[PDB]
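Chains as they are written, first to last, in UniProt numbering: chain A, 2 to 89; chain B, 1 to 100; chain C, 2 to 71; chain D, 2 to 272; chain E, 13 to 128; chain F, 10 to 74. Notes for the one structure printed next.
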Amino acid sequence: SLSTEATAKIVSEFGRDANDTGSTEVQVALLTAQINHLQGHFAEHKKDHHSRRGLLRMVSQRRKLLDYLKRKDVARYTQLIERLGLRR
Amino acid sequence: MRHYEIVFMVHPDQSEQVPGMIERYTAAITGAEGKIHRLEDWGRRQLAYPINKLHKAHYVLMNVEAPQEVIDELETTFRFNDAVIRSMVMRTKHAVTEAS
Amino acid sequence: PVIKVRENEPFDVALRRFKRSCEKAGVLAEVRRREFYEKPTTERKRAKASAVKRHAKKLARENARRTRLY
Amino acid sequence: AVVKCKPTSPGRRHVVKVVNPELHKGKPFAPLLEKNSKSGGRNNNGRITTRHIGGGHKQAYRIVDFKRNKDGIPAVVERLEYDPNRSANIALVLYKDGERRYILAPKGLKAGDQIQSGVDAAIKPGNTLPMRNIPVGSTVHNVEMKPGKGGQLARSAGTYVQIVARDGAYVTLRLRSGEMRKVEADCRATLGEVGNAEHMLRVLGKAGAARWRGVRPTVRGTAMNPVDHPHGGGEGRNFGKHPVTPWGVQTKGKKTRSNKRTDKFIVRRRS
Amino acid sequence: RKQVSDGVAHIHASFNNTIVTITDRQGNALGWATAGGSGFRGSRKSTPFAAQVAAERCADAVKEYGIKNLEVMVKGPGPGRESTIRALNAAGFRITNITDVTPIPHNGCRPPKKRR
Amino acid sequence: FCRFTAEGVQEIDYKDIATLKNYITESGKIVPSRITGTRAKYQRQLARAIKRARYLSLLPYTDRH
RNA sequence: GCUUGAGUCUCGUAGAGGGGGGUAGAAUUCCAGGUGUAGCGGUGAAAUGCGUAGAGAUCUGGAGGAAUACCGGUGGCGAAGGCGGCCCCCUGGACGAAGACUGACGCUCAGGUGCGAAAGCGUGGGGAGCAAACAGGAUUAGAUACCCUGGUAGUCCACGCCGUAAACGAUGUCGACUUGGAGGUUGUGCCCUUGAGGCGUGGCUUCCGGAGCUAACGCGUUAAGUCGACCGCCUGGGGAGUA
Ligand SMILES: [Mg+2]
Ligand SMILES: [Mg+2]
Ligand SMILES: [Mg+2]
Ligand SMILES: [Mg+2]
Ligand SMILES: [Mg+2]
Ligand SMILES: [Mg+2]
Ligand SMILES: [Mg+2]
Ligand SMILES: [Mg+2]
Ligand SMILES: [Mg+2]
Ligand SMILES: [Mg+2]
Ligand SMILES: [Mg+2]
Ligand SMILES: [Mg+2]
Ligand SMILES: [Mg+2]
Ligand SMILES: [Mg+2]
Ligand SMILES: [Mg+2]
Ligand SMILES: [Mg+2]
Numbered sequence: 002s003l004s005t006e007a008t009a010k011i012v013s014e015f016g017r018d019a020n021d022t023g024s025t026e027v028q029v030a031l032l033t034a035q036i037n038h039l040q041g042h043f044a045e046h047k048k049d050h051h052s053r054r055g056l057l058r059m060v061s062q063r064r065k066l067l068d069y070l071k072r073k074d075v076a077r078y079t080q081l082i083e084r085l086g087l088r089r
Numbered sequence: 001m002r003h004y005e006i007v008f009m010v011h012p013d014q015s016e017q018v019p020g021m022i023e024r025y026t027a028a029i030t031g032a033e034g035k036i037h038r039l040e041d042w043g044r045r046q047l048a049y050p051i052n053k054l055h056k057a058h059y060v061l062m063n064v065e066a067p068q069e070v071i072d073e074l075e076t077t078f079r080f081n082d083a084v085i086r087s088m089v090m091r092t093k094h095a096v097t098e099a100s
Numbered sequence: 002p003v004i005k006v007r008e009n010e011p012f013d014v015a016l017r018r019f020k021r022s023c024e025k026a027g028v029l030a031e032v033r034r035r036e037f038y039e040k041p042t043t044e045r046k047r048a049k050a051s052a053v054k055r056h057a058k059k060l061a062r063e064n065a066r067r068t069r070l071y
Numbered sequence: 002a003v004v005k006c007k008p009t010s011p012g013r014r015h016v017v018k019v020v021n022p023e024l025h026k027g028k029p030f031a032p033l034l035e036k037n038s039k040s041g042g043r044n045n046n047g048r049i050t051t052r053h054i055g056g057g058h059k060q061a062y063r064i065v066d067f068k069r070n071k072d073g074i075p076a077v078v079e080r081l082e083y084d085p086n087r088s089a090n091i092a093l094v095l096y097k098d099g100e101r102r103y104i105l106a107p108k109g110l111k112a113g114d115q116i117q118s119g120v121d122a123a124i125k126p127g128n129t130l131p132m133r134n135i136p137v138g139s140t141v142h143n144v145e146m147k148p149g150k151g152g153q154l155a156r157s158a159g160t161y162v163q164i165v166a167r168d169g170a171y172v173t174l175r176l177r178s179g180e181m182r183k184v185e186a187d188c189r190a191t192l193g194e195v196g197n198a199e200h201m202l203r204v205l206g207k208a209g210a211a212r213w214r215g216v217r218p219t220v221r222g223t224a225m226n227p228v229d230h231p232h233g234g235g236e237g238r239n240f241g242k243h244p245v246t247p248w249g250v251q252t253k254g255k256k257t258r259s260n261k262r263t264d265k266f267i268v269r270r271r272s
Numbered sequence: 013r014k015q016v017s018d019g020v021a022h023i024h025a026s027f028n029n030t031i032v033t034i035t036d037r038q039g040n041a042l043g044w045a046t047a048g049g050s051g052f053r054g055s056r057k058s059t060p061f062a063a064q065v066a067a068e069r070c071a072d073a074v075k076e077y078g079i080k081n082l083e084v085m086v087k088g089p090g091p092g093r094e095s096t097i098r099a100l101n102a103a104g105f106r107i108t109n110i111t112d113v114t115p116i117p118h119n120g121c122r123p124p125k126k127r128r
Numbered sequence: 010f011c012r013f014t015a016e017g018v019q020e021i022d023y024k025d026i027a028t029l030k031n032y033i034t035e036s037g038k039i040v041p042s043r044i045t046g047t048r049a050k051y052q053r054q055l056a057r058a059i060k061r062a063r064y065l066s067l068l069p070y071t072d073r074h
């Protein structure tokens, strides 16, 4: 569920300020940190068709945010996907 | 770290066996940096219905804080012990020192 | 519904107290209910139908409160 | 897992293989091997006593430890190996003093796990301890029949034995056949359940696949002549007889158990 | 024989019959009498009066044992649920206590299908 | 009626049986909230606590054991 | 550029939301016994069925599978299908208060992809109760039905397939505006909680009705009222959702 102490690392690391949550880089970095943490739950509980709907919403919402960032600027988008590791 | 409310009932004929095992199970909590907050001992009680005959038992209450894994090898020693009956391990938090 | 007969008592007092204990426990209703299988779609329909009556019949006597009959 | 061979040939259409990547791929352990010559069913007199046996691949016997009478000395599982003499895979085991052994592999044993034997052992898969110390209602395997004999029951792939109840000096077990049988309480029993549970689902797919396990063809009694088999006879598929074994005894229904010496232990027959 | 002093009356009331069995406190049956065996075959054994006669006959057939106290343990629905207990007092016994035992599952087995 | 458990707001604990014995019938059945008057929130905590004291044999499932 | 849409972070609340593993009590059936006698069961009435080889009843011991009385509520959660014992592990959504942050990142969506009751299919287990097919007894003019006595697949589990229901508030999703009343459930703010209190504010939901709309029945701030964006579908009945 991305506990409080872990979500404070991503916000500080990917944020442009100490309390700068909500920036497109931070939001995508938070969503990736949960999609990766849920790949171990669904390798065992393959039949969680109800929790997978929540997972497929963070996947489809991180792609909606990456599209916005790329269209707004590309100097910041290419750094973020490289830093995180995605888009294959 | 997680908080629990272990309550287990011993055989009525092991009333002299509980006061030794109560610290042995406690020692496993404190060995792994887990604390214990309220350790009331209800003594010998009467069951509302028989449990494999045995109209009496011996209740203990631990209410410890321990890592999630330490309670896992404490549940099994309750399971394989022939003198511990009806162990129940809830997941409470905070409060202590009530009901007796 | 266990009833224990006390001291210095009649019998017909006790037997009447046995019925009252049994009626309060709904023993005969439960036995009659569990005799045959009630389909889940008829158990849910029989519950909403009997609650619709409970609502209307309470509002029916309210509309009949503000009338003179003769 | 079971994989279905693609129909590149009539004889590969219907094959289903059971492949276990966890198994050893090299050679077996040399010191624990023997010589295993075949017979073809033939006893002293050279006359076949079990029919439909002969041929097949050559095999070497692996000395599997059944007694499990090495108490203490925790042992680490080195590797899993394929045993041709059996239906379950075996496991090589190295004890803390340096002795290696072969054991029947339970269903949840991987390389690196730790087992041990004796009355002090823990209730875990792979551990052997006398059924006095094993909780009632548990699922064991490699059960014994006499204290110290070695282990006879629940030995094939995926088989197990439930301990239904314990009555004093005896233990009642629900054997895999449905029987309820009393055994002594000092008989050891490896705790767990034997591995290779997919052994059922394999299908050979062709006649050679059974020939190269040493299974010679079975001839029906109807195709026989009236002198070779009680069924025999016939001019165009005639039977008119109550089915019998080739020696006159009525198959298909007739019970043949007669011991009267081990009847004290059979609480309830099969069903 | 054996001169039992305290007994238990087991009334197996049902929608179609009524079986009265008088046992000692340890469960052993001393004698019994039903409603349909009392000359009430057909639609007359359901009636609560036919169950009263069963309590009378079951009060007999235990004359030899000489019971003086009875605990009544009613079971099931049916007309012979009330008229049997009072006939065990009009027969001269003493009702120490009355306990209703009845199989009520906590939603266990599936009951038969509805009649049409 | 509605009074108890709403003043002195507290979470129904399964350990104290004196409070629990008030909210059961003569046969161990939980009493409906229409009769006692407990609020719909605290009845859920109350019922869940009675089902927990029964497991530990502090309370009877039925009066005929 | 901006923050009034949308989203992120901090603190809590409620819940049969999901997947996995254990455990408790009541009850049905079966097995081994003790007591005990001639009936039991069923029906509108009967018979088939069980029982003197001793049933039904009652007590003791044991083994098994399925479902969770009371709480329980036009109550709650979920996108829909649906979800009801208790405990632990993993996990999704919603809501509320005060703030901070990003700064149109939004709505709908042909093809496409996923989930989708019950029955049904395949492989392997399980099998108490119930029960298509089946057999017998009745009813009947007949009764390959309703009723009764039994009873296999199935119902249960693991993994695959099927992809349909009166899958229904017969009402597509999103946003704005337009008199009221009595309730349910779940947060929160202020004051005499000073006493089972009083006043506001949000989320979800059941009922009755106003203008309006409607062929009428009826819907009626959760519209079937007044408007905007996108999609799906209709064009007389039968043949036919058939070739
Ligand atoms: Mg053959
Ligand atoms: Mg020939
Ligand atoms: Mg011959
Ligand atoms: Mg011919
Ligand atoms: Mg012929
Ligand atoms: Mg019937
Ligand atoms: Mg959409
Ligand atoms: Mg489409
Ligand atoms: Mg199905
Ligand atoms: Mg099937
Ligand atoms: Mg099958
Ligand atoms: Mg359709
Ligand atoms: Mg529906
Ligand atoms: Mg439609
Ligand atoms: Mg209206
Ligand atoms: Mg078609």
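Note that the Cβ used here is the ideal one computed from N, Cα and C, for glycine as well.
Under 6 Å Cβ to Cβ from residue i, same chain only, skipping five residues before and after it: list those, please.
i: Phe52(E); result: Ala62
i: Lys35(B); result: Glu65
i: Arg63(F); result: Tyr70
Does the beta-carbon of residue i have 16 or more other beta-carbons within 10 angstroms, so that it is buried, or is it exposed?
i: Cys121(E); result: exposed
i: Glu23(B); result: exposed
i: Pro231(D); result: buried
i: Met1(B); result: exposed
i: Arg84(A); result: exposed
i: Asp18(A); result: exposed
i: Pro124(E); result: exposed
i: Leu174(D); result: buried
i: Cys70(E); result: buried
i: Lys24(F); result: buried
i: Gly17(F); result: exposed
i: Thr47(F); result: buried
i: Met90(B); result: exposed
Give the DSSP-derived three-state secondary structure of residue i in the structure shown.
i: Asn128(D); result: coil
i: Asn37(A); result: helix
i: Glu35(F); result: coil
i: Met88(B); result: strand
i: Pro41(C); result: helix
i: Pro60(E); result: helix
i: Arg13(D); result: coil
i: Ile107(E); result: strand
i: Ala31(D); result: helix
i: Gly120(E); result: coil
i: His200(D); result: helix
i: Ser95(E); result: coil
Taking a contact to mean a Cβ-Cβ separation below 8 Å, would you say residue i touches residue j in this structure?
i: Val78(D); j: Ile124(D); result: no
i: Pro89(E); j: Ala25(E); result: yes
i: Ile64(D); j: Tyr96(D); result: no
i: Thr129(D); j: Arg182(D); result: no
Below 8 Å CB to CB, which residues in the same chain sit around residue i once its five sequence neighbours on both sides are set aside?
i: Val40(F); result: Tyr32, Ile33 and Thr34
i: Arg214(D); result: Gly57 and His58
i: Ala52(C); result: none
Leaving out the 5 sequence neighbours to the left and right, which residues in its chain are closer than 7 Å to residue i when beta-carbon positions are compared?
i: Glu76(E); result: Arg13
i: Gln64(E); result: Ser95, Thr96 and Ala99
Q: Specify which residues have a beta carbon nearer than 6 Å to any heavy atom of ligand 3, listing them in chain order.
A: Counting every residue whose Cβ lies closer than 6 Å to a heavy atom of ligand 3, we get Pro227(D) and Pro231(D).
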